[PDB]
Amino acid sequence: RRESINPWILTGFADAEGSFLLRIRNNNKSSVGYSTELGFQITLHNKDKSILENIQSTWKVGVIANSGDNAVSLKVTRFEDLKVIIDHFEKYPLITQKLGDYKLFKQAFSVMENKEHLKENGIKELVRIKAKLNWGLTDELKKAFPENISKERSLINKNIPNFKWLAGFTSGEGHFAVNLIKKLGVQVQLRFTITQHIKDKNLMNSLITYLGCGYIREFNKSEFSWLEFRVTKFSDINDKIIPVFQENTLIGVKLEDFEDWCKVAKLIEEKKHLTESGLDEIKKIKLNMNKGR
DNA sequence: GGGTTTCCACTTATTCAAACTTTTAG
DNA sequence: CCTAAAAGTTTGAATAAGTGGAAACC
Ligand SMILES: [Ca+2]
Ligand SMILES: [Ca+2]
């Protein structure tokens, strides 16, 4: 358990790493032929188990378990504890397209609260909700409820509510790089990025205006597209990016990366990145951050 | 119970984060 | 000539999302 987490930071982290789930399972023992499970979950590398424990003690709900050999998950499916999930995201709402999945999570909750999921009509309604939730219905499930079921939902278009949301979100999707551009041989270039699918291009473009710096570049890995918000101008990094996250502390192992990233920022501010000894200090910091930690 | 809920082990991609090099700006 | 800033490239894996199995619970 230990340290508690700021609710807006938590909402930002959920916008990045969270996921809502609605299981509609074939069940011979169910009077209606199907059983259900509803909840919310976060899966992270083992190195960030403390985040899941901090979230757990912030809400006082959820179960932590291994997720393979290198990951760990927090899952909330106990029905009464879903009220906590609902109460949090009502007070601290999501702003990515995942908000649409939360809204469906709510509809499914209402059905199950009335116990309608134990009847034919309630299961049917849960199939309709799941058709729009995340990756939708399997072919088997779709064929089991023969009816014109829409897969579309309202697109979410909301603005960053505050710097705390950005800290939680950046704690998930952010990246702090000490780029060693290979005449001392090396030009140290600090880089800050935030990655996200094109489905939230509106949100990504606002980062430029919201933070007053940076560029947007599109990426394409075969049939997959995503956006990268990138800042490299030192003064923007020193005056606009660093103070934001100094004032709104990151969580997880990435905080150490930001801290080291700030050490190099101070060396650069003092021109020591142009000295042989200063450069050696920077190369040593870089080796022990991000994947090298 | 007998139907239902909750938990635990584990899988599967792709959307991420991350690392690297080349060119242009001032 | 020099350092900074920006454009550019590449991809592994930590994510997001999910399933099987069954103990536990009402
Ligand atoms: Ca995400
Ligand atoms: Ca992350």
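Scope of the values below: all heavy atoms of this structure, side chains included, with no hydrogens, waters or symmetry mates. The sequence lines fix the lettering, A, B, ..., with proteins before strands; numbering per chain opens at 1.
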Relative to the 5' end of DNA chain C, which residue comes earlier, A/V231 or A/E37, by the nucleotide with the nearest heavy atom?
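Its nearest nucleotide being more 5', the pick is A/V231.
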Given DNA chain C, 5'-ward residue of the pair A/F20 and A/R78, judged by closest heavy atom:
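Nearest-nucleotide comparison on DNA chain C picks A/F20.
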Scan [X] against the nucleic acid and name what it touches under 4.0 Å (heavy atoms): base, sugar-phosphate only, or nothing.
X      : value
A/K47  : nothing
A/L118 : sugar-phosphate
A/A16  : sugar-phosphate
A/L44  : sugar-phosphate
A/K29  : base
A/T170 : nothing
A/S67  : base

Rounded distance (Å) that lies between atom [atom2] of [N] and atom [atom1] of [X]:
X      : N      : atom1 : atom2 : result
A/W135 : B/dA13 : CH2   : P     : 9 Å
A/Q97  : C/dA17 : CD    : P     : 12 Å
A/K115 : B/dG3  : NZ    : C1'   : 12 Å
A/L287 : B/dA19 : CG    : P     : 10 Å
A/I181 : C/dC2  : CD1   : P     : 18 Å
A/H197 : B/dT14 : NE2   : P     : 10 Å
A/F79  : C/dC26 : CZ    : P     : 15 Å
A/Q196 : B/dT14 : CD    : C1'   : 13 Å

Looking only at N and O atoms, is any donor in the side chain of [X] or the base of [N] less than 3.5 Å from an acceptor on the other one?
X      : N      : result
A/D69  : B/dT11 : no
A/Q187 : C/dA5  : yes
A/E17  : B/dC16 : no
A/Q189 : C/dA6  : yes
A/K75  : C/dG18 : yes
A/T232 : C/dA5  : no
A/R25  : C/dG18 : no

Taking it one step at a time, do A/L74 and A/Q41 satisfy side chain to side chain contact (heavy atoms under 4.5 Å, CB included)?
CA-CA 5 Å; A/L74 173 62; A/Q41 61 180 348; over 6 Å; no
Return no unless some side-chain N or O of [X] is found under 4.0 Å from OP1 or OP2 of [N].
X      : N      : value
A/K119 : B/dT4  : no
A/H45  : B/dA17 : no
A/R217 : C/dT9  : yes
A/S19  : C/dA16 : no
A/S31  : B/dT4  : yes
A/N290 : B/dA19 : yes
A/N134 : C/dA17 : yes
A/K98  : C/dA17 : yes
A/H273 : C/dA4  : yes

Distance-only side-chain donor-acceptor flag, A/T193 / A/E228, under 3.5 Å:
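No - no donor-acceptor pair under 3.5 Å links their side chains.
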Is a side-chain donor-acceptor pair under 3.5 Å present for A/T195 with A/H175?
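Judged by distance alone, the side chains do not pair up.
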A/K143: what forms a salt bridge (charged side-chain N to carboxylate O under 4.0 Å, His left out) with it, not counting sequence neighbours?
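Here the qualifying residues are A/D139.
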Given [options], which nucleotide is nearest the side-chain atoms of [X]?
X      : options                : result
A/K254 : C/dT11, C/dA16, B/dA18 : B/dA18
A/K286 : C/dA6, B/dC20, B/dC7   : B/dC20
A/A71  : C/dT15, B/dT4, C/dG20  : C/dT15
A/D48  : C/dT15, B/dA17, C/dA7  : C/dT15

First encountered from the 5' end of DNA chain B, between A/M112 and A/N66
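Of the two residues, A/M112 wins.
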For A/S73 and for A/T77, locate the closest nucleotide of DNA chain B by heavy-atom distance; then report the residue assigned to the nucleotide nearer the 5' terminus.
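Upstream on the strand: A/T77.
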A/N159 side chain reached by A/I95 side chain, heavy atoms, under 4.5 Å
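No, every pair of side-chain atoms sits at 4.5 Å or beyond.
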If we only count heavy atoms from C-beta on, is the A/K254 to A/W261 side-chain gap below 4.5 Å?
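Answer no - side chains too far apart.
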Is it true that A/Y34 and A/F145 have ring centroids separated by less than 6.0 Å?
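Judged by ring-centre distance (under 6.0 Å), A/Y34 and A/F145 do meet the cut-off.
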Any carboxylate oxygen within less than 4.0 angstrom of a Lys/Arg side-chain nitrogen, looking at A/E269 and A/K266?
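A salt bridge is absent here (no side-chain N lies under 4.0 Å from a carboxylate O).
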Apply side chain to side chain contact (heavy atoms under 4.5 Å, CB included) to residues A/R293 and A/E256 and explain how you reach the verdict.
CA-CA 9 Å; A/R293 182 171 308 282; A/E256 312 177 61; 3.3 Å; yes
Heavy-atom closest pair, residues A/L166 and A/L211
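In terms of heavy atoms, the two residues are closest at CD2-CD2, 3.7 Å.
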If an axis is fit to five pairs at each end of the helix from B/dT4-C/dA24 to B/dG26-C/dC2, what is the angle between the two, to the nearest 10°?
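Both end axes considered, the difference amounts to 50°.
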In chain order, what residues pass the ring pair (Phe, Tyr, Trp, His ring centres under 6.0 Å) check against A/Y215, with sequence neighbours excluded?
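Ring pair (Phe, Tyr, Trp, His ring centres under 6.0 Å) list for A/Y215, sorted by chain: empty.
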